[PDB]
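Below: one structure, written as structure tokens.
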Amino acid sequence: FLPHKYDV
Amino acid sequence: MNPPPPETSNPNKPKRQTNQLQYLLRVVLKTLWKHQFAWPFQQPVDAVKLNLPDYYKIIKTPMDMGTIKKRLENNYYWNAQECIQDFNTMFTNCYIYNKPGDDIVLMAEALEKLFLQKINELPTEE
């Protein structure tokens, strides 16, 4: 699922 | 800011080319590097570009396949265990920082499965 790491 | 990357050159460090280390480059790293899920792991995490000011506060032994690749190409390691430790550090960092089941973790899990399958045939040291 959509990862926080790339939620810039 | 980003820290300096892990060391890949050190003239005075004891180092070897062994058949096991050759296998780690030719089979293990090559297999993971070409995978569709390699890309997050092919270079140090850029905490500046990704706006992750906590990454290098949490992760104090960063590791990535770009670093591993350079170390193997330079014959920087002393032994296979040191290189295997770098792979395991890379995976563990991912699982520490990212959320279980998130896309980055899923990617690491796929690479780690392949890692484990390839290191099964690590040759006896010659």
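Computed from the coordinates by the stated procedures, all read-outs in this text should not be read as laboratory data. A quick note on method: Cβ atoms are made from the backbone with ideal geometry, for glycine too, and the neighbour counts reach across all protein chains shown.
Values as computed for the structure displayed
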| read-out | value |
| --- | --- |
| Where a residue in the range B:102-126 is without any contact (Cβ under 8 Å) to a residue 60 or more places away in the chain and within 14 Å of chain A (Cβ to nearest Cβ) and its partner, wherever it lies, is crowded, with 16+ Cβ neighbours inside 10 Å and not hydroxyl-bearing (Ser, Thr, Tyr), with Cβ under 6 Å and at least six apart | B:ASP102/A:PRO3; B:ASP103/A:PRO3; B:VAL105/B:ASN98 |
| Pair list, Cβ under 9 Å, 6 or more apart: the range B:62-90 residue at positive phi, other residue crowded, with 20+ Cβ neighbours inside 10 Å | B:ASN75/B:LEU21 |
| Residue selected from the range B:42-57 under the condition more than 12 Å from chain A (Cβ to nearest Cβ) and assigned to a helix (DSSP H, G or I), by the criterion nearest to B:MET90 (Cα to Cα) | B:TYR56 |
